[PDB]
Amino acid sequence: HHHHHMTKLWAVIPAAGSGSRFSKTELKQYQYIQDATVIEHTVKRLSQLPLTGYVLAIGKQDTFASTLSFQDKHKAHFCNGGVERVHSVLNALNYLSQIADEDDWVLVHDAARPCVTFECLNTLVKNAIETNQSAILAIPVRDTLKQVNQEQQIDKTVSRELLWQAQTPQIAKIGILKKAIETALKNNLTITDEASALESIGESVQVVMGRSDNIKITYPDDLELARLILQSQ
(Lines of atoms letter the chains of each structure in order from A and count residues from 1; the text may use other names and numbers.)
(Lines give C-alpha, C1' and ligand atoms only; values in the text may rest on other atoms or scores of the structure.)
Protein backbone atom coordinates (compact mmCIF):
# COMPACT_ATOMS: atom_id res chain seq x y z
CA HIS A 1 0.00 0.00 0.00
CA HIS A 2 1.48 3.31 -1.07
CA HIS A 3 -1.30 5.84 -0.27
CA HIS A 4 -1.20 6.85 3.40
CA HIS A 5 -2.72 9.57 5.53
CA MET A 6 0.35 9.91 7.76
CA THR A 7 3.11 11.68 5.83
CA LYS A 8 6.72 12.56 6.52
CA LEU A 9 8.83 15.09 4.60
CA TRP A 10 12.56 14.87 3.92
CA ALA A 11 14.86 17.21 2.03
CA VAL A 12 17.94 16.35 -0.01
CA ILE A 13 20.55 18.88 -1.10
CA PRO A 14 22.91 17.26 -3.64
CA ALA A 15 26.44 18.35 -4.46
CA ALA A 16 28.60 17.29 -7.39
CA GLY A 17 32.31 16.51 -7.41
CA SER A 18 34.96 16.19 -4.74
CA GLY A 19 34.37 19.52 -3.00
CA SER A 20 38.06 19.77 -2.12
CA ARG A 21 38.96 22.74 0.07
CA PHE A 22 41.99 23.35 -2.19
CA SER A 23 40.17 24.06 -5.46
CA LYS A 24 40.87 27.44 -7.05
CA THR A 25 37.22 28.27 -7.73
CA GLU A 26 34.88 28.73 -4.77
CA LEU A 27 31.63 26.78 -4.81
CA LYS A 28 28.64 29.12 -4.98
CA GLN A 29 26.82 27.28 -2.19
CA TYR A 30 29.56 28.26 0.29
CA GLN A 31 29.71 31.97 -0.52
CA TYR A 32 28.33 34.30 2.11
CA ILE A 33 25.13 36.28 2.19
CA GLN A 34 25.37 38.39 5.31
CA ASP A 35 26.64 36.18 8.02
CA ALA A 36 25.96 32.71 6.71
CA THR A 37 26.75 30.65 3.55
CA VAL A 38 24.22 30.26 0.75
CA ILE A 39 23.58 26.64 1.74
CA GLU A 40 22.88 27.63 5.35
CA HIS A 41 20.27 30.05 4.03
CA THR A 42 18.84 27.30 1.82
CA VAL A 43 18.61 24.83 4.71
CA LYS A 44 16.98 27.49 6.88
CA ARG A 45 14.36 28.19 4.20
CA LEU A 46 13.56 24.52 3.62
CA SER A 47 13.42 23.98 7.39
CA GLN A 48 10.29 26.14 7.53
CA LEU A 49 8.52 23.03 6.24
CA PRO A 50 7.67 20.23 8.71
CA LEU A 51 10.77 18.22 7.83
CA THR A 52 11.62 15.05 9.70
CA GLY A 53 15.20 15.46 8.46
CA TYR A 54 17.41 16.75 5.69
CA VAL A 55 20.36 15.10 3.94
CA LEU A 56 23.32 16.95 2.47
CA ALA A 57 25.18 14.79 -0.05
CA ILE A 58 28.64 16.33 0.00
CA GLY A 59 31.89 15.70 -1.81
CA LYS A 60 34.30 13.24 -0.35
CA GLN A 61 36.93 15.89 0.18
CA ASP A 62 34.44 18.45 1.55
CA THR A 63 35.32 18.87 5.23
CA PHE A 64 33.45 22.20 5.46
CA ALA A 65 29.71 21.42 5.29
CA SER A 66 29.42 19.26 8.40
CA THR A 67 31.05 21.99 10.53
CA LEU A 68 28.36 24.59 9.74
CA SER A 69 25.78 25.80 12.25
CA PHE A 70 22.72 24.74 10.30
CA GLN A 71 19.18 25.54 11.32
CA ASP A 72 17.73 22.54 13.18
CA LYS A 73 21.07 20.73 13.03
CA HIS A 74 19.51 17.92 15.08
CA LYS A 75 17.60 17.07 11.86
CA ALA A 76 20.74 17.20 9.68
CA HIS A 77 22.29 14.20 7.91
CA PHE A 78 25.43 13.94 5.79
CA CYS A 79 26.29 11.35 3.15
CA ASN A 80 28.77 10.97 0.30
CA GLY A 81 28.06 12.74 -2.97
CA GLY A 82 28.94 11.44 -6.40
CA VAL A 83 30.58 12.68 -9.60
CA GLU A 84 27.32 14.08 -10.98
CA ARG A 85 24.34 15.58 -9.18
CA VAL A 86 22.12 12.59 -9.98
CA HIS A 87 24.64 10.25 -8.34
CA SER A 88 24.62 12.37 -5.19
CA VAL A 89 20.81 12.27 -5.18
CA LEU A 90 20.80 8.48 -5.55
CA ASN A 91 23.31 8.16 -2.69
CA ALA A 92 21.10 10.31 -0.47
CA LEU A 93 18.03 8.27 -1.40
CA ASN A 94 19.90 5.07 -0.54
CA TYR A 95 20.82 6.69 2.77
CA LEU A 96 17.22 7.80 3.42
CA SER A 97 15.91 4.32 2.56
CA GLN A 98 17.59 2.94 5.70
CA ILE A 99 16.20 5.60 8.09
CA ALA A 100 12.83 6.35 6.48
CA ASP A 101 9.84 4.67 4.88
CA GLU A 102 9.76 4.21 1.11
CA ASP A 103 6.43 6.08 0.96
CA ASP A 104 7.78 9.17 2.73
CA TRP A 105 8.22 12.23 0.51
CA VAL A 106 11.58 13.76 -0.37
CA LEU A 107 12.20 17.27 -1.71
CA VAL A 108 15.39 17.47 -3.78
CA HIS A 109 16.58 21.08 -3.91
CA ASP A 110 19.50 23.04 -5.36
CA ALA A 111 21.94 24.23 -2.69
CA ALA A 112 22.28 27.48 -4.66
CA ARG A 113 18.54 28.33 -4.57
CA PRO A 114 18.07 29.98 -1.15
CA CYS A 115 15.25 32.29 -2.27
CA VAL A 116 12.49 29.75 -2.97
CA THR A 117 9.50 31.09 -1.10
CA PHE A 118 7.77 29.35 1.78
CA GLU A 119 4.49 29.89 -0.06
CA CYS A 120 5.86 28.08 -3.12
CA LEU A 121 7.21 25.29 -0.92
CA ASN A 122 3.85 24.91 0.72
CA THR A 123 1.94 24.78 -2.54
CA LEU A 124 4.36 22.22 -3.98
CA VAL A 125 4.11 19.95 -0.93
CA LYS A 126 0.34 20.39 -0.67
CA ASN A 127 -0.11 19.57 -4.36
CA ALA A 128 2.09 16.47 -4.28
CA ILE A 129 0.57 15.07 -1.08
CA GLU A 130 -3.03 15.61 -2.18
CA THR A 131 -2.67 14.33 -5.72
CA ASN A 132 -0.37 11.55 -4.44
CA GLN A 133 1.94 12.31 -7.38
CA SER A 134 5.37 13.84 -7.95
CA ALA A 135 5.69 17.56 -8.63
CA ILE A 136 8.21 20.28 -9.44
CA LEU A 137 8.38 24.04 -9.34
CA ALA A 138 8.66 25.53 -12.82
CA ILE A 139 7.90 28.73 -14.70
CA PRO A 140 6.85 29.14 -18.35
CA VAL A 141 9.43 30.00 -20.99
CA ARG A 142 8.93 33.69 -21.84
CA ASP A 143 11.86 34.36 -24.20
CA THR A 144 11.91 33.40 -27.86
CA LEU A 145 14.20 30.39 -28.28
CA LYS A 146 16.96 30.30 -30.91
CA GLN A 147 19.13 27.46 -32.16
CA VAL A 148 22.64 28.89 -32.37
CA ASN A 149 25.60 27.47 -34.15
CA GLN A 150 29.25 27.21 -33.21
CA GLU A 151 29.93 30.42 -34.97
CA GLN A 152 27.35 32.17 -32.74
CA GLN A 153 24.92 32.64 -35.57
CA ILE A 154 21.26 31.90 -35.31
CA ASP A 155 20.17 28.81 -37.23
CA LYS A 156 16.42 29.12 -36.68
CA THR A 157 13.73 29.98 -34.16
CA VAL A 158 12.58 27.05 -32.03
CA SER A 159 9.00 26.79 -30.79
CA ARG A 160 8.43 27.58 -27.11
CA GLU A 161 4.89 26.41 -27.15
CA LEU A 162 4.06 24.50 -23.93
CA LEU A 163 7.67 24.81 -22.70
CA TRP A 164 8.53 25.48 -19.06
CA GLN A 165 11.83 26.06 -17.26
CA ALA A 166 12.21 23.54 -14.44
CA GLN A 167 13.17 24.87 -11.01
CA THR A 168 13.59 23.09 -7.67
CA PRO A 169 12.43 21.62 -5.31
CA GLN A 170 11.33 18.49 -7.09
CA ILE A 171 9.27 16.27 -4.79
CA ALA A 172 8.50 12.56 -4.99
CA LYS A 173 8.20 9.50 -2.79
CA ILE A 174 11.57 8.10 -1.75
CA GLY A 175 11.08 4.59 -3.12
CA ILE A 176 9.58 5.74 -6.43
CA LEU A 177 12.31 8.31 -7.12
CA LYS A 178 15.11 5.95 -6.07
CA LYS A 179 13.77 3.32 -8.46
CA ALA A 180 13.37 5.88 -11.25
CA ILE A 181 16.98 7.01 -10.95
CA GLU A 182 18.33 3.45 -10.72
CA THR A 183 16.40 2.42 -13.83
CA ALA A 184 17.34 5.53 -15.81
CA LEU A 185 21.03 5.03 -15.01
CA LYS A 186 20.80 1.37 -16.00
CA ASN A 187 19.28 2.39 -19.33
CA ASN A 188 22.14 4.86 -19.96
CA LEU A 189 19.72 7.79 -20.09
CA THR A 190 20.84 11.37 -19.72
CA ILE A 191 19.36 12.52 -16.42
CA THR A 192 19.23 16.22 -15.59
CA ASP A 193 16.68 16.56 -12.80
CA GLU A 194 14.57 14.18 -10.75
CA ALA A 195 11.57 14.81 -13.01
CA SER A 196 13.49 13.51 -16.03
CA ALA A 197 14.16 10.25 -14.17
CA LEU A 198 10.51 9.94 -13.10
CA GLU A 199 9.39 10.66 -16.65
CA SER A 200 11.61 7.87 -17.96
CA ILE A 201 9.61 5.24 -16.05
CA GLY A 202 6.16 6.65 -16.85
CA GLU A 203 5.55 8.39 -13.52
CA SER A 204 3.35 11.47 -13.79
CA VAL A 205 4.96 14.74 -12.68
CA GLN A 206 2.85 17.84 -12.07
CA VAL A 207 4.21 21.36 -12.53
CA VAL A 208 3.56 23.95 -9.82
CA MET A 209 4.21 27.59 -10.68
CA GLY A 210 7.56 28.82 -9.36
CA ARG A 211 8.95 32.28 -9.40
CA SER A 212 11.34 34.38 -11.28
CA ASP A 213 13.06 35.26 -8.03
CA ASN A 214 13.81 31.62 -7.27
CA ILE A 215 17.27 32.25 -8.69
CA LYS A 216 20.05 29.71 -8.80
CA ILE A 217 23.18 31.60 -7.80
CA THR A 218 25.49 31.22 -10.72
CA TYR A 219 26.80 34.47 -12.16
CA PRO A 220 28.91 37.08 -10.36
CA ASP A 221 26.07 39.45 -9.45
CA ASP A 222 23.71 36.68 -8.38
CA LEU A 223 25.09 36.67 -4.81
CA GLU A 224 24.14 40.32 -4.28
CA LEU A 225 20.74 39.88 -5.95
CA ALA A 226 19.98 36.88 -3.73
CA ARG A 227 20.94 39.00 -0.72
CA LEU A 228 18.44 41.64 -1.81
CA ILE A 229 15.73 39.04 -2.46
CA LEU A 230 16.21 37.40 0.95
CA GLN A 231 16.11 40.82 2.58
CA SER A 232 12.86 41.62 0.83
CA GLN A 233 11.34 38.34 2.09
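For every residue, the number given is its place in the sequence shown, counted from 1.
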query	finding
155 to 163 versus 138 to 146 - greater average Cα B-factor per the deposited record	155 to 163
Of 22 to 30 and 38 to 46, the one with larger mean CA B-factor	22 to 30
Given 52, 187, 196, 170, the residue at which the Cα B factor reaches its maximum	187
Criterion, highest CA B-factor; candidates, 191, 207, 57, 180	191
Residue 129 - which third its CA temperature factor falls in, relative to the rest of the chain	middle
Third of the chain's Cα B-factor distribution that residue 217 belongs to, per the entry	middle
Residue 13 - Cα temperature factor, lowest/middle/highest third of chain	lowest
Residue 112 CA temperature factor, ranked by third within the chain	lowest
Position of residue 90 among the chain's modelled residues by C-alpha B-factor, lowest, middle or highest third	lowest
